[PDB]
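Trainee: got an experimental structure here, sequence first:
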Amino acid sequence: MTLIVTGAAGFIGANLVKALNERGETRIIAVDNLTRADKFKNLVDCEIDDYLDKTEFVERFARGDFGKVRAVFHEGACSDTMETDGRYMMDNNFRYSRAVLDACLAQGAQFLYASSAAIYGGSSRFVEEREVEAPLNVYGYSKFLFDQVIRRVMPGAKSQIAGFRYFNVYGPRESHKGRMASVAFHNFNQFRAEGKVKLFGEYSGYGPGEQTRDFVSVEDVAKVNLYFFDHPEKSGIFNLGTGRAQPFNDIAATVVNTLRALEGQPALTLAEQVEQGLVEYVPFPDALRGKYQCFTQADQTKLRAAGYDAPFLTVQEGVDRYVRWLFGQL
Amino acid sequence: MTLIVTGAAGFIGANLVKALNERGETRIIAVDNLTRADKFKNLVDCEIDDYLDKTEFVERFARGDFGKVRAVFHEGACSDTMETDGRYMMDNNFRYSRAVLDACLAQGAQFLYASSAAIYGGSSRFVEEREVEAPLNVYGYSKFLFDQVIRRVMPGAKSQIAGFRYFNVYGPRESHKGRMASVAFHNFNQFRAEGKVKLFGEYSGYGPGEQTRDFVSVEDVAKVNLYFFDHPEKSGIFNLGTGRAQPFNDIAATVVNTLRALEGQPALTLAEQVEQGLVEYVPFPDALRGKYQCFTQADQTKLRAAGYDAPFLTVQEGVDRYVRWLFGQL
Amino acid sequence: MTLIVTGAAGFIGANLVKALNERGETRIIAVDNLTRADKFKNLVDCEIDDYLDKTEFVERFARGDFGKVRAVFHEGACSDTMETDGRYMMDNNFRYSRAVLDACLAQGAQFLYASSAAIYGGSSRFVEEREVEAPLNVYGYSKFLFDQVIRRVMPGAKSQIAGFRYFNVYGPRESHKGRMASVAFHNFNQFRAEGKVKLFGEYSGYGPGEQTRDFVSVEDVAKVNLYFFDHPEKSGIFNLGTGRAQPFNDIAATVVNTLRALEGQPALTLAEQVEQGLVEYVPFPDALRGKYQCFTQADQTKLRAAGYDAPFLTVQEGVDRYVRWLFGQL
Ligand SMILES: NC(=O)c1ccc[n+]([C@@H]2O[C@H](COP(=O)([O-])OP(=O)(O)OC[C@H]3O[C@@H](n4cnc5c(N)ncnc54)[C@H](OP(=O)(O)O)[C@@H]3O)[C@@H](O)[C@H]2O)c1
Ligand SMILES: NC(=O)c1ccc[n+]([C@@H]2O[C@H](COP(=O)([O-])OP(=O)(O)OC[C@H]3O[C@@H](n4cnc5c(N)ncnc54)[C@H](OP(=O)(O)O)[C@@H]3O)[C@@H](O)[C@H]2O)c1
Ligand SMILES: NC(=O)c1ccc[n+]([C@@H]2O[C@H](COP(=O)([O-])OP(=O)(O)OC[C@H]3O[C@@H](n4cnc5c(N)ncnc54)[C@H](OP(=O)(O)O)[C@@H]3O)[C@@H](O)[C@H]2O)c1
């Protein structure tokens, strides 16, 4: 009956908590780090039995302080793809994940954790295979390396181990994420303030805004998590995206067109938006050269094969919906 | 026989200590943090058995260093609503509270603790139910989450669990609270120093000074605590206010008129005070936008239904008396 | 045919040039100081024969560089009531006026010049008599003293000498005046930028926004000027105000209601606007204490008796038109 969500105050974690709550699961231990306070807003409409700081958790879990725990959704991680202290990164992501996993295996708790497509780096295949993994930054490396450990532990594991390589995740509860929030959230606040949105210009062969990613709503991230939570016999590392890749232009053009409908104005093509200065491009930062993915697209074979067969919200549906939820404040 | 008050050197905890002394209860263990040394003034006219820093107390209380303890008045918390380190807020408030609760439950000691009307946030109703609780800042969240825990502990709880959601408390012994002391106290000093008082202006559709709160003197706060102390059979989460919501304008008008009256001057209406420059309005801080409660009014129903039928001082009686008490200094 | 206007690129001067332009007079020497370049806008739709800086003008004028000159409209002065260098103020205002006056007398030219109601200081009568004149700042004194000199020179003067004590003037071509522009102009920009307007709070027994002035449109100012221009037989020093005094609140509220009417919204009362936060009050600046007129109202007796019988635009007609015109930039 007792559930544990780490990263609970965060974008994905709190979304999981909300989804658990909505199916009546409420005996939840929330673990996070509230040093940046505003995250708390994410848990205000939630039901949990306890809160701990990430520094007090592991040793108390291991000790059995929370009793009989059914599952741990391990979303807690430093998600700053620009953080430079790799020692911190490896301790806070990799080592920590390991102590959590060891505690789950020692107790028979299901272990559902967040991985990242950043692991793929500049690959042209996105299949859950070591062969094609080569992360561009130390964040991606911390995730990559934990995935390697998972592959060694999985065959001998009697309790569930399910890892999700989230792609570009967007949706409610990311408001606190700063520069690490999604492009859609960024585009939203930009249009509210300056009446126009921003995207990176040309870089490494891709036109302005033509860099493409697989954008997934949290709604679908939470659905997938619950599916494997419900099937403790399914273990593995799974891509979690839509299998459909789109340029950043679609995010921007969509956010703009949806904010215009909310005020009466008719939809515009991307080109009209650029023409009218509704979309403008910022020159690509030197700090991100060689460390940036210009293309990602989930191969969906593995996830579908495991029996998750529901459709995924498209950019059009999901971003439009997300902007409207965002607009819900005036 | 041994009593313990945390927050002992602060506003409400020191009023509790004195109230206990005024009934021959003097075997008190006092717990606070004297880093800001001026607080000591709150215990000079008091009788206590011991003083401990908040950091060395929880260890000694569980270990039973204080012998048999009848009750704990857990008033100690970080009361700075603008404190921004949520990790500290959750540790010093929430986690600390649970530890005190756990030791209290372990030893069958009564547990009377301070909550806060901040928990209700911008809600339209003020009844002790999860459905109207939405805190606006992390301070509120730390009080909120402890209350949720108490609702899970309570049914099984052998011993007394008394939690009081204080509203806007004013009165003596709050002199050290700086920017967190009551508006009454601020106005007094302001008047003494500049010959005028200040209030926030228009914010969120409330006119200047027209934001409204439920103001309760400490005296009433101290009576309610003693009542539940005398009644270990009574347990619950109670609103502690007067049921009567007044605008900030009233406090100021009262402070100005009481201070005028102390110098043989006639009373003015608010409309005269504003026209005379005795009341002026500072524009509303952007640091408070969306984090500020514009309306509170205690729903007394649950507190009455527990046998506390005594009447509460009004703003006119309480502020007047407090202002006169303050005027005692030269 | 040759006409001179000092302060030509400033507020009143440029209105004189345009009005003269509109009855066929285009033989105009313009004299100003364009260091703050933006005043140049004031002359764009105008016809002038020459432009000189104020520092090179007087020598050339007295020497006869401009040939026969019918009249000089002397509007050029430092109009910063908050300027603290009184040596500069007396040189740029008082001595400059005397040098221009002398040259006029010797050439036989009409001399129309700007005085100021600032001359009356905190007086309770506003008649053109020495007995009720006592300026509060050095600006006022520079005009005050010059007027005394005119009263000595006028008896045996062969050409026209007309001096106008402008009250609070408002209207187009004051965009460059900064903190010295009319309150109507300030409110317009305050409202366009923040959807609310600012006025001074209580000072010296006048409530928030209650200090009153005699507000006169530049159109009337230009009209009175043109009248005496037409009648060289009339000399003297005259009040140029409406005879009607309103509080600043009237200006504020008239500006708000007029802008609201343009966005379709309904008109509000002053107390409504104050309660809604549309009008807020700034603490009176110490730098103005004892240097600030709380009341002005022109006694029109002398102006009428000289022949000027026309009606003056009131605040409601004038400010409304000023606001609509100002709104013409979008
Ligand atoms: N598009 C996406 O959002 C995306 C894509 C790929 C992977 N992911 C993964 O999704 C997970 C959650 O991401 P998110 O979007 O929700 O970011 P997030 O909002 O920052 O959530 C993470 C929260 O957990 C905290 N935390 C960090 N390390 C922790 C630890 N060792 N134990 C417990 N809590 C910890 C973080 O706070 P502090 O860091 O300040 O301590 C943060 O508040 C991460 O594992 C991330 O790698 C997300
Ligand atoms: N208007 C009100 O007065 C109001 C309204 C709602 C709730 N409350 C609650 O009433 C209680 C008392 O508030 P107050 O007005 O008396 O403010 P206070 O004067 O600041 O009292 C708290 C004192 O306890 C200290 N303290 C902080 N954390 C502690 C801990 N974990 N253990 C022991 N002592 C600790 C504080 O010092 P440091 O913070 O410097 O460490 C402070 O001296 C608080 O819990 C507050 O949340 C008050
Ligand atoms: N509320 C009112 O509008 C009001 C009330 C009473 C009297 N007045 C008088 O009306 C006249 C015009 O005022 P205004 O509202 O039009 O202000 P203005 O816009 O500042 O116009 C005056 C212009 O004359 C320039 N100037 C200063 N000294 C000069 C000089 N010795 N010779 C030639 N030009 C000079 C000024 O530039 P710099 O100063 O930067 O050098 C300024 O550009 C002033 O004499 C003023 O005292 C106005």
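Mentor: Arrived safely, thanks for sending. Numbers count the residues shown, from 1 in each chain, chains lettered A, B, ... in the order given. Ligands and ions are numbered 1, 2, ... in the order given.

Trainee: just checking, what packs against the helix ranked longest in chain A?
Mentor: Once chain A is assigned using DSSP state H, the helix that runs over the most residues is helix A:138-153. When contacts are defined as 3 or more Cβ pairs under 8 Å, 6 or more residues apart in numbering or on different chains; DSSP states H and E, helix A:138-153 packs onto helix A:86-89, helix A:96-105, strand A:110-116, strand A:161-166, strand A:236-240. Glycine gets a C-beta too; all of them are placed from N, C-alpha and C.

Trainee: wait, residue A:106 sits on residue A:61?
Mentor: No: taking Cβ atoms under 8 Å as the definition, residue A:106 is not a contact partner of residue A:61, at 9.6 Å.

Trainee: these two - which one has more neighbours?
Mentor: Between residue A:106 and residue A:61, counting by other Cβ atoms under 10 Å in any protein chain shown, residue A:61 is the more crowded of the two (25 against 12).

Trainee: name the element the more buried one belongs to?
Mentor: Taking DSSP states H and E as the definition, residue A:61 sits inside helix A:54-62.

Trainee: test my guess that residue A:281 contacts residue A:209.
Mentor: Yes: contact status for residue A:281 versus residue A:209: in contact at 6.5 Å, counting by Cβ under 8 Å.

Trainee: between those two, what contacts are shared?
Mentor: Residues touching both residue A:281 and residue A:209 by Cβ atoms under 8 Å, 6 or more residues apart in numbering or on different chains: A:199-201.

Trainee: and which of these is nearest residue B:191?
Mentor: Of all the shared contacts of residue A:281 and residue A:209, residue B:191 sits closest to residue A:199, with 55.5 Å by Cβ to Cβ.

Trainee: so the closest one sits in a strand?
Mentor: Yes: counting by DSSP: H, G, I helix; E, B strand; the rest coil, residue A:199 is found in a strand.

Trainee: the stretch 151-300 of chain A: strands as residue ranges?
Mentor: All strands of the stretch 151-300 of chain A, identified by DSSP state E, counting those that start in this stretch, fall at A:161-166, A:168-170, A:197-200, A:212-213, A:215-217, A:236-240, A:246-247, A:279-282.

Trainee: any chance of the ones you listed in a markdown table with mean neighbour count and distance to chain B as columns?
Mentor: Below are the strands of the stretch 151-300 of chain A laid out as a markdown table (neighbours: other Cβ atoms under 10 Å in any protein chain shown; distance: least, Cβ to the nearest Cβ, whole Å):
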| stretch | mean neighbour count | distance to chain B |
| --- | --- | --- |
| strand A:161-166 | 24 | 25 |
| strand A:168-170 | 22 | 23 |
| strand A:197-200 | 21 | 23 |
| strand A:212-213 | 22 | 31 |
| strand A:215-217 | 26 | 25 |
| strand A:236-240 | 22 | 29 |
| strand A:246-247 | 20 | 33 |
| strand A:279-282 | 18 | 27 |
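
Trainee: chain C: which of those is closest?
Mentor: Nearest of these to chain C, taken as Cβ to the nearest Cβ: strand A:279-282 at 22.5 Å.

Trainee: who touches the residue sitting nearest the centre point of chain A in this structure?
Mentor: For chain A, the residue nearest the mean C-alpha position is residue A:169 (4.6 Å; Cα atoms, centre = their mean). By Cβ under 8 Å, 6+ apart, residue A:169 lies in contact with A:11-12, A:182, A:215-218, A:221.

Trainee: closest one of those residues to residue C:144?
Mentor: residue A:182 (67.0 Å).

Trainee: chain neighbours aside, what residue packs nearest to that closest one?
Mentor: residue A:170 (4.0 Å; Cβ to Cβ, 6 or more residues apart in numbering or on different chains).

Trainee: and the gap between the one you found and residue A:259?
Mentor: From residue A:170 over to residue A:259 the distance is 15 Å, taken as Cβ to Cβ, to the nearest Å.

Trainee: please apply the same query to residue A:315.
Mentor: 15 Å.

Trainee: near ligand 1, which residues of chain A?
Mentor: For chain A, the contact set with ligand 1 under Cβ under 6 Å from any ligand atom comprises A:6-7, A:9-13, A:31-33, A:35-36, A:39, A:54, A:75-79, A:92, A:96, A:114, A:116, A:166, A:168-169, A:177.

Trainee: pull out the buried members of these.
Mentor: Buried by 16 or more other Cβ atoms under 10 Å in any protein chain shown: A:6-7, A:9-13, A:31-33, A:36, A:39, A:54, A:75-79, A:92, A:96, A:114, A:116, A:166, A:168-169, A:177, out of the residues of chain A next to ligand 1.
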